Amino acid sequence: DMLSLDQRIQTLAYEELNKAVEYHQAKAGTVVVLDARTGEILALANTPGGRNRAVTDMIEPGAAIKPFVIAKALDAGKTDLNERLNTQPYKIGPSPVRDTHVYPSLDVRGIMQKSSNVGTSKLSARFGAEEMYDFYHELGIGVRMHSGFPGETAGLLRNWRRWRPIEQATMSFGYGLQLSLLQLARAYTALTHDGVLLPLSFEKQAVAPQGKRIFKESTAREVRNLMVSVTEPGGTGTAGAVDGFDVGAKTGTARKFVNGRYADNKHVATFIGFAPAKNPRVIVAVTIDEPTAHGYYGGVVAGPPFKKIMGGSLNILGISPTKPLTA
């Protein structure tokens, strides 16, 4: 049998996912676990029972898309690692562009670490609309996965000719475009596989299949290091840190679109990360739908199951820790 599924990881993922969903009294949840070098899908878990939401359900990614805007800006030389960007909030007409805190300025590392919508939108604004549209398209947004499961759709990437000026701003921190958790996890292979986006596979891969280069290898390596700051003190994703490893991750918290408004009530909490951060072996992605108890942010809600799924996955795959254990 040549199937990529690993039953121990799949069982680990399902149990931790259901604990998190129950503890936060959430409506639903999904997990994807990938081989970070080949794109093999090691686990897909969904709750409550029924359809494969990891493949079928399109979500807005929120700040989980920010790593790719930051990488693109660095890759194209439109920013660097020492620029400090004014990150004061502002508005375009009625629409605000603001962070949860007012940071007067941040470098690119701070934009990632703090999850600055303002910083990301200003980096994105250095590109034209059609450029960015093509960029989201080559990340696979709007491109069907052909996983073999029914109910799968391509996702949403609106035509660039219809973008209002505010739209390109808000798309850069995860508004307006839609993708499945599988498409989102797939995009993170461009960061783990040294700039090369992988197709993903449900069968064991003897080699890493031929991918498509999105970023230079140096860009991917620098961005992975920025993402380690997310799980260290000062970042939004400390709940996902794993003993004996450096973890690059990104949190996301998206207001749900109820009828015709973005609810300040209901949220989707996402945590996606990879380890070992220098030479990744595993990607773990977790999305918790509408938590109602014990917090609703991505770090607090989906961070804890990420940490237990990642740590156990590395243990199951025999990945040696890169630094002394302290737990």
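In case it trips you up, residue 1 is the first one in the sequence shown, and so on.
In every other compared PDB entry of this protein that covers both flanking sides, residue 278 is modelled, so it falls short of the one-third threshold for missing coordinates. Among other deposited entries of this protein with both flanking residues present, at least a third omit coordinates for residue 265.
Higher mean CA temperature factor, per the PDB entry, when comparing 34-42 with 257-265: 257-265. Averaged over Cα atoms, the B-factor as recorded in the entry is higher for 287-295 than for the other of 59-67 and 287-295. Per the PDB entry, 95 shows the highest C-alpha temperature factor of the residues 117, 251, 189, 95. Among the modelled residues of its chain, residue 175 has a C-alpha B-factor that falls in the middle third, as given in the PDB entry. Among all modelled residues in its chain, residue 280 ranks in the lowest third by Cα B-factor. The PDB entry assigns residue 101 a C-alpha temperature factor belonging to the highest third of its chain's modelled residues. Residue-level temperature factors show residue 110 in the lowest third of its chain, judged at the C-alpha atom.
Residue 212: CA B factor in the middle third of modelled residues in this chain (values from the PDB entry).
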